[PDB]
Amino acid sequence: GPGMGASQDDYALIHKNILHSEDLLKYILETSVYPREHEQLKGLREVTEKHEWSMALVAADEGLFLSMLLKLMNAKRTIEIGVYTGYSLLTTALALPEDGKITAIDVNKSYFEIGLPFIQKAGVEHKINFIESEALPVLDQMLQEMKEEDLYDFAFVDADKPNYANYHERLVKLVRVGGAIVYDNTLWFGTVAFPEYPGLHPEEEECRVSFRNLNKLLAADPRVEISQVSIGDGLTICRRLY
């Protein structure tokens, strides 16, 4: 209702980690991430750390992993669902070749405007077509229009978590055979390991349930092969088989 509105301080999970200790995560970041992080990614991360929804920001070690996957697979055309201030988007744009093209979809362009100056300074704004919309209608329109020559090599899904299974039904048609779909947050702070988890905000509980269902669906889906990876808050890589 009216009042102060939603704050990440209403959530129960924000200080949880999947790694053994905060010391281990800090070691990875300080040793293997920050020395390899573009100046503009550092600037975008530091501003975003102060933002009211900072809990949503993709982890920086996960960012370098996404970059590595895009390069090893020679991705050129990609889609991102859930942009926020742009950390995964800028990571992706820096990883792609000069002629790479990203379709980036988010319901709230004001978040993207926080990252836009960093993206511009990095020299990669030309690779990004940002669309301000709920993602499902955009994907459904794409399914009417896109031809084989326009299929995506890679999709990163990091938007509203309860809709991931709906996004999957479109993305297995929009990403080429042999292409990759990466779903972020599939371990949901560790809560997915429990059939009940006390004290969660109703939105957090909804995502525990939706991720438990999604993880079973993806493990059973013959259209993809999968790898669930315990980096960040968990992610699942899907490769389209047919």
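In this text, residue numbers run from 1 along the sequence as written.
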**Fill in**
Higher of the two mean Cα B-factors (80-88, 129-137; per PDB record) comes from 129-137
**Complete:** Assert higher mean C-alpha B factor (144-152 or 100-108, deposited values) equals 144-152
**Message:** Per the entry's Cα B factor values, which of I14, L24, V229, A219 stands out as the maximum?
**Reply:** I14
**Message:** Using only modelled residues of the chain, where does the Cα B factor of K50 rank: lowest third, middle third or highest third?
**Reply:** highest
**Complete:** For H168, the third of its chain by CA B-factor is the lowest
**Message:** Lowest, middle or highest third: which one holds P198 when the chain's residues are ordered by CA B-factor from the entry?
**Reply:** highest
**Asked** Mind checking which third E39 falls in for C-alpha B-factor across the chain?
**Response** middle
**Request:** Quick one: classify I114 as lowest, middle or highest third of the chain based on its Cα B-factor.
**Result:** highest
